[PDB]
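Some notes on the structure that comes next.
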Amino acid sequence: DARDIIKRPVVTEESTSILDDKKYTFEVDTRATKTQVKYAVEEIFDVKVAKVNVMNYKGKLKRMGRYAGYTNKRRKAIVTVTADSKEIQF
Amino acid sequence: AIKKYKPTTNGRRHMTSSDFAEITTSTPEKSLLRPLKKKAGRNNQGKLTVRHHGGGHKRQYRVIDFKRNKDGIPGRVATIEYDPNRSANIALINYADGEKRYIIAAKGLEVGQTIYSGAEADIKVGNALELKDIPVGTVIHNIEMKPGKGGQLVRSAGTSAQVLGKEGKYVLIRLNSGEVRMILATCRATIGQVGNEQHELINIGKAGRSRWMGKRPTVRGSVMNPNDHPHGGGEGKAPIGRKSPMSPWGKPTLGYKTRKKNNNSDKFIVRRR
Amino acid sequence: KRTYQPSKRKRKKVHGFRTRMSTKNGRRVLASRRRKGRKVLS
RNA sequence: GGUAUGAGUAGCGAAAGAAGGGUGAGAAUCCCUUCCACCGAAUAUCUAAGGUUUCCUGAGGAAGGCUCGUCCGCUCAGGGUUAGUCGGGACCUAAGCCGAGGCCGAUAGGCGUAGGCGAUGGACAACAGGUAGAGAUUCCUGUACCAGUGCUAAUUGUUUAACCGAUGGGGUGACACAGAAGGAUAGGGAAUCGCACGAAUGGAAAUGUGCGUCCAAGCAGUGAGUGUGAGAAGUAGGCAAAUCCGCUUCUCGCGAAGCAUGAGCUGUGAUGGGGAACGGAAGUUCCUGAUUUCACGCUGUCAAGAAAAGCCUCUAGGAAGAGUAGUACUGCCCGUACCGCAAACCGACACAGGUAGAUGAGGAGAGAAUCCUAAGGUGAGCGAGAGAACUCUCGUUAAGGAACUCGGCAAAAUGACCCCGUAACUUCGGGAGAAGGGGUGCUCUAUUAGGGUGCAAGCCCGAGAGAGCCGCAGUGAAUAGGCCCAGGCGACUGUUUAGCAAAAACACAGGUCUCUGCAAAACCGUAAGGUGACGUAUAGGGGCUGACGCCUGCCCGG
Ligand SMILES: [Mg+2]
Ligand SMILES: [Mg+2]
Ligand SMILES: [Mg+2]
Ligand SMILES: [Mg+2]
Ligand SMILES: [Mg+2]
Ligand SMILES: [Mg+2]
Ligand SMILES: [Mg+2]
Ligand SMILES: [Mg+2]
Ligand SMILES: [Mg+2]
Ligand SMILES: [Mg+2]
Ligand SMILES: [Mg+2]
Ligand SMILES: [Mg+2]
Ligand SMILES: [Mg+2]
Ligand SMILES: [Mg+2]
Ligand SMILES: [Mg+2]
Ligand SMILES: [Mg+2]
Ligand SMILES: [Mg+2]
Ligand SMILES: [Mg+2]
Ligand SMILES: [Mg+2]
Ligand SMILES: [Mg+2]
Ligand SMILES: [Mg+2]
Ligand SMILES: [Mg+2]
Ligand SMILES: [Mg+2]
Ligand SMILES: [Mg+2]
Ligand SMILES: [Mg+2]
Ligand SMILES: [Mg+2]
Ligand SMILES: [Mg+2]
Ligand SMILES: [Mg+2]
Ligand SMILES: [Mg+2]
Ligand SMILES: [Mg+2]
Ligand SMILES: [Mg+2]
Ligand SMILES: [Mg+2]
Ligand SMILES: [Mg+2]
Ligand SMILES: [Mg+2]
Ligand SMILES: [Mg+2]
Ligand SMILES: [Mg+2]
Ligand SMILES: [Mg+2]
Ligand SMILES: [Mg+2]
Ligand SMILES: [Mg+2]
């Protein structure tokens, strides 16, 4: 399925700053290839994808009173839609 | 010939070396090279089982032909080459059929000469015949012990063996050691002394040059502690405080014969040395 | 120069899980550490 | 476990700070400014390891920080790492490891063949700008390349063989070390040109001062050079085959062509980009010149210097689709933050220690030495006074000069370059920088004399002599051997008791004895299997001795 591959959009000062450059930032499945992401985004948003850049974020160490542990590892995809494609909303 | 170095340094003072005059090329036959890794005297257990080996110069193995299988095909000596794996020089033989092999370079084997192997072969130097076909008094080398196995018995630089006689299906050979034994008559040997006979005269000249040849230093037994060697211990220098000098492993090591007493080959040894 | 000169690979090759599993005595170690209830084997 | 005592004591961990301004409840300690000082073959810039969020922003000041703290590598929130081309994997093998069957073995297991895995090596396509709180050969702009894929179009095959082509053959791949001379370019200098200024305190509109003084991969040309005798017959070999390799013969033979390679250069790339001044000028010439590159190319040496894939070619095979051109698409996974000679790594510490590699500017210089500096980095997480004893680290010292002391221990002295001069002894190499003497600055006659580059202009190196000049002193600072005579021991360079012994000890080349005929002896292992050795008596193991010279006597009774 495609909506298992795309988890949720990423809304930060950085991710919002490139919504005008037709570059949309998503949190995707940690097993998903950037090819799987390119076809997932095309199936969900009816856009034409130019390129998909992807980066693995390792979990960040957090303490909450004696109890220490790691946040979840993330896979972040930045999908650049072509100049003729429709835009994703956010 | 031997070249005596001038004593410019204390390291070169008494050092001697081959002039390598016999050597005709410096570029070995690429097709006949195999890789060769140093073992530094270590076993398949990785344990050091022979002392004093390790860390020489890197070497390639040249696949030598000790068998001499190519009967009745003329072989032209192409070059006399240096071989780092053995005291003797080697000779690249261009066979008329276009096959190239290395043989041990016999004393007086020059480029241009045409060597022959088999039953029709003449008694000229680098020729290889079965011992049944070699006259008495002849000087041979690269003697095989089992038919078809390839020469193993006199291959080192300057070594020679002499055919003494024929007893049944065996031949009396007098080996380089002066031993006389019975080699099987279907075993082939090559004609003539092995060549590079100046080799024994060489003076290594400095510690370092032994290290280049892959030899680590030998520590005498008598400067070890009692727990390391039977000659260990004693306040100051000590004599051998034993009835006999001992190997590191016990066992007498002066005049104590180590040939196995009930040995299968004994029936073939005619005179010892 | 101190005794511990770290190496990610040497650590795992000497003391790692797969190396422990590759021998009967290494499996004894894993069994022992499980029995004691260690959070970390290997 | 708690809490004393010692005690407000030792210590606060190498180092230069100052003032002004700001912030704030509060400031030696945070921020800014200016001056000052320190590193600069590093105390700078990269990169690998290792660490693993320490990175950025905002907030905080309990604890941590040897003081303080508004600050922080600390606490709390949010964020931040973008790749067909960079590094790794979807490629390759080395050591080594594993290992179907197999061999061996009370059990457990040990070994090992095919076959795998395994970089520290091999192969392999991207550059310059821009941008910025935190990434950038990754994002954006421009311009490429590699591998594919379709889609159009001709072109040529469509069963006698276009085309592909081995899991097989062959070639290449493919390698040490040292040395010397070159080409080139990085880099470094002058001038030139551009822009700005024209001056504090006596002088200078000028040989005046300051700042600048150009750019990719790719593509197309060229090109110092470096290698290399082409061609045709034949065919006991390359497990089959081969038009390929190898071998042989014959013709042509040459030093030149061709053919390989080849740093660099020119053009384009660029109407683009950058650039001294709210924005835009100049880009030239010369000298010098590599530790880079051509290139282990050449020459030489002996100690004789990976493999495999890849690439090329050969046939065995397979074959109707193949290539060429255009066009538009496709290109996965892992890493990417930050520190990285360090406060983030190894040292329990924000620890005078340790930590591989790339780059590493100028003056004087042989230099990466030295001193002072450039770019860049830093002022080191306690301070203010005081200027006692004593201790440590330093400077100087009358007269004397080893009287000190176990002992000149320590310190002093010597030190660079140039010229003269140089003993015994000797294995004829040495000893030797022996020892011992003398010199060294500046100015002028000096576009030097003469050299190097050079079509020339010019620009760089410039001696000796003479004349002068100044100081107590001219390698004016820093950095650069103390020397000699006679013995013992060990020939020598090496090695050693990590952390009280560096030696006369070990080793060593050489010597001699002895074992060992190859399934060698010897060694490891219960064995198999190994090392010895892919060696074979001129070799291998063991014992003793220890270069070299002269020698090595008598004794076989134990
Ligand atoms: Mg990535
Ligand atoms: Mg030995
Ligand atoms: Mg001792
Ligand atoms: Mg004993
Ligand atoms: Mg005594
Ligand atoms: Mg004794
Ligand atoms: Mg530790
Ligand atoms: Mg007190
Ligand atoms: Mg006190
Ligand atoms: Mg104090
Ligand atoms: Mg301090
Ligand atoms: Mg220095
Ligand atoms: Mg920070
Ligand atoms: Mg505090
Ligand atoms: Mg703060
Ligand atoms: Mg790109
Ligand atoms: Mg192997
Ligand atoms: Mg293998
Ligand atoms: Mg691999
Ligand atoms: Mg950064
Ligand atoms: Mg080779
Ligand atoms: Mg980075
Ligand atoms: Mg430190
Ligand atoms: Mg070091
Ligand atoms: Mg500066
Ligand atoms: Mg005095
Ligand atoms: Mg005086
Ligand atoms: Mg006295
Ligand atoms: Mg005296
Ligand atoms: Mg006295
Ligand atoms: Mg005395
Ligand atoms: Mg002294
Ligand atoms: Mg001086
Ligand atoms: Mg000595
Ligand atoms: Mg010690
Ligand atoms: Mg000592
Ligand atoms: Mg064996
Ligand atoms: Mg001795
Ligand atoms: Mg010896």
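So that the names make sense, note that chain A is the first sequence line, chain B the second, and so on, each numbered from 1.
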*To the side chain of B/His229, which of D/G543, D/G542, D/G535 is closest?*
D/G543
*What are the two closest non-hydrogen atoms of A/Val10 and A/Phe90, and how far apart are they?*
O-CE2, 4.1 Å
_Pairing partner of D/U285 (Watson-Crick or G-U wobble, both distances under 3.5 Å)_ = D/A190
*Run the pair test on D/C86 and D/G335: Watson-Crick or G-U wobble, both distances under 3.5 Å, answer yes or no.*
yes
Enumerate all atom pairs, one protein N or O and one N or O from nucleotides 331-339 of chain D, separated by less than 3.5 Å.
unit_1: D/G331; atom_1: OP1; unit_2: A/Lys38; atom_2: NZ; d: 2.8
unit_1: D/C333; atom_1: OP1; unit_2: A/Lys34; atom_2: N; d: 2.9
unit_1: D/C333; atom_1: OP1; unit_2: A/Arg75; atom_2: NH2; d: 2.8
unit_1: D/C334; atom_1: OP1; unit_2: A/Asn56; atom_2: ND2; d: 2.7
unit_1: D/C334; atom_1: OP1; unit_2: A/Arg75; atom_2: NH1; d: 3.0
unit_1: D/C334; atom_1: OP2; unit_2: A/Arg75; atom_2: NH1; d: 3.2
unit_1: D/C334; atom_1: OP2; unit_2: A/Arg75; atom_2: NH2; d: 3.0
unit_1: D/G335; atom_1: OP2; unit_2: A/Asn56; atom_2: ND2; d: 2.7

*Among the candidates D/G543, D/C515, D/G517, find the nucleotide nearest to the side-chain atoms of B/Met145.*
D/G517
_Could you identify the nucleotide paired to D/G179, looking across every strand shown and requiring Watson-Crick or G-U wobble geometry with both distances under 3.5 Å?_
D/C298
*asked:* So C/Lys13, base contact, sugar-phosphate only, or nothing? Heavy-atom distance under 4.0 Å.
replied: nothing
*With no hydrogens and no angle check, is any side-chain donor or acceptor of B/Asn225 less than 3.5 Å from a backbone partner on B/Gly233?*
no
*asked:* Using a 3.5 Å limit on both distances, is D/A59 in a Watson-Crick or G-U wobble pair with D/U75?
replied: yes
*Below 4.0 angstrom from OP1 or OP2 of D/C345, is there any side-chain N or O of C/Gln5?*
no
*Would you indicate, yes or no, if D/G535 has its OP1 or OP2 atom less than 4.0 angstrom from a side-chain nitrogen or oxygen of B/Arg62?*
no
*Which part of the nucleic acid, if any, lies within reach of B/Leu48 when heavy atoms closer than 4.0 Å are counted: base, sugar-phosphate only, or nothing?*
nothing
Contacts under 3.5 Å, N or O only, protein and nucleotides 130-138 of chain D:
none

*asked:* So D/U495 and D/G130, Watson-Crick or G-U wobble pair with both distances under 3.5 Å, or not?
replied: no
*State, yes or no, whether a side-chain contact exists between A/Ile78 and A/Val54 at a heavy-atom distance under 4.5 Å.*
no
*Closest nucleotide among D/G429, D/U536, D/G541 to the B/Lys6 side chain*: D/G429
*Take the protein atom CD of B/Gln152 and the nucleotide atom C1' of D/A519, then report the distance between them rounded to whole Å.*
10 Å
*Which of residues 260-273 of chain B have a heavy atom under 4.0 Å from RNA chain D?*
B/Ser265, B/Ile269, B/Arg272, B/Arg273
*Return yes if some donor-acceptor pair links the side-chain N/O of B/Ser210 with the main-chain N/O of B/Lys215 below 3.5 Å, else return no.*
no
_Residue-level proximity of residues 65-73 of chain A to RNA chain D when a heavy atom falls under 4.0 Å_ = none
*asked:* Any N or O donor-acceptor pair under 3.5 Å from the base of D/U531 to the side chain of B/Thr49?
replied: yes
*Kindly say whether D/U45 and D/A358 qualify as a Watson-Crick or G-U pair under the rule that both distances are below 3.5 angstrom.*
yes
*What's the CE-P distance between B/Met246 and D/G542, to the nearest Å?*
15 Å
*Once each nucleotide of nucleotides 167-175 of chain D is scored for protein heavy atoms under 4.0 Å, what B/S/- sequence comes out, 5' to 3'?*
-----SBB-
_So if I take every side-chain heavy atom of B/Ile240 and compare against D/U75, D/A304, D/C544, which nucleotide ends up nearest?_
D/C544
*Can you sort out the partners of B/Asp133 under salt bridge (charged side-chain N to carboxylate O under 4.0 Å, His left out), two or more places apart, ordered by chain and number?*
none
*For the residue pair B/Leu153 and B/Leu175, establish whether any side-chain heavy-atom pair is separated by less than 4.5 Å.*
yes
_Out of D/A307, D/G542, D/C518, whichever nucleotide has its closest atom nearest the side chain of B/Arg259_ = D/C518
*Considering every strand shown, what is the Watson-Crick or G-U wobble mate of D/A342 when both distances are under 3.5 Å?*
none
*Measure from the side chain of B/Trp249, starting at C-beta and using heavy atoms only, and say which of D/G543, D/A522, D/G50 lies closest.*
D/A522
*With a 3.5 angstrom cut-off on both distances, give the Watson-Crick or G-U wobble partner of D/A18, or none if there isn't one.*
D/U34
*Can you give one letter per nucleotide of nucleotides 496-509 of chain D, going 5' to 3': B for a protein heavy atom under 4.0 Å from the base, S for sugar-phosphate only, - for none?*
----------SSSS
*Looking at D/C524, does its base get a donor-acceptor pair with the side chain of B/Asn43 below 3.5 Å?*
yes
*With heavy atoms under 4.0 Å as the rule, sort B/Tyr82 into base, sugar-phosphate or nothing.*
base
_B/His53 side-chain proximity, nearest of D/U81, D/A539, D/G540_ = D/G540
_Expected output: side-chain A/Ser85 to main-chain A/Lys48 donor-acceptor under 3.5 Å_ = yes
*Find the distance B/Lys107:NZ to D/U538:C1' and express it as a whole number of Å.*
14 Å
*Does NZ or CZ of B/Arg181 fall inside the cone over B/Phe268's six-membered ring, less than 6.0 Å from its centre and within 45° of the axis?*
no
*What pairs meet the salt bridge (charged side-chain N to carboxylate O under 4.0 Å, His left out) rule with one or both residues in residues 19-34 of chain C, with sequence neighbours excluded?*
none
*Which base, if any, makes a Watson-Crick or G-U wobble pair with D/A364, both distances under 3.5 Å?*
D/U370
_By salt bridge (charged side-chain N to carboxylate O under 4.0 Å, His left out) - contacts of A/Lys34 (at least two apart)_ = none
*Determine which nucleotide pairs with D/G331, using a 3.5 Å limit on both distances of a Watson-Crick or G-U wobble pair.*
D/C146
*Run the pair test on D/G212 and D/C193: Watson-Crick or G-U wobble, both distances under 3.5 Å, answer yes or no.*
yes
*Just name whichever nucleotide pairs with D/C250, Watson-Crick or G-U, keeping both distances under 3.5 Å, else none.*
D/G231
*What residue pairs, at least two apart or across chains, pass salt bridge (charged side-chain N to carboxylate O under 4.0 Å, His left out) with a residue in residues 50-77 of chain B?*
B/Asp65-B/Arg101, B/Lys70-B/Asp97, B/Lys70-B/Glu99, B/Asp71-B/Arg188
*Side-chain donor or acceptor of A/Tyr57 under 3.5 Å from a matching atom on the base of D/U81?*
yes
*Could you run down nucleotides 93-109 of chain D 5' to 3' and tag each one B, S or - for protein heavy-atom contact under 4.0 Å?*
-SS------------SS
*For the nucleotides D/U155 and D/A263, establish whether a Watson-Crick or G-U wobble pair is present, both distances being less than 3.5 Å.*
no
*Can you check the A/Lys76 NZ to D/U82 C1' distance for me, whole Å?*
9 Å
*How would you label the contact of B/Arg13 with the nucleic acid (heavy atoms, under 4.0 Å): base, sugar-phosphate, or nothing?*
base
*Check the chi torsion on D/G429 and let me know: syn if it falls within 90° of 0, anti if not.*
syn
_Identified pairing partner of D/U185, criterion: Watson-Crick or G-U wobble below 3.5 Å_ = none
*asked:* Do B/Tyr170 and B/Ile183 make a side-chain contact, defined as non-hydrogen atoms from C-beta onward lying under 4.5 Å apart?
replied: no
*asked:* If you take the centroid of each ring, where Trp contributes its six-membered ring, are B/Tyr102 and B/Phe66 closer together than 6.0 Å?
replied: no
*Residues from residues 14-21 of chain C sitting under 4.0 Å of RNA chain D, heavy atoms only?*
none
*asked:* Determine whether a donor-acceptor pair (one donor, one acceptor, N or O, separation below 3.5 Å) exists between the side chain of B/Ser177 and the base of D/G517.
replied: yes
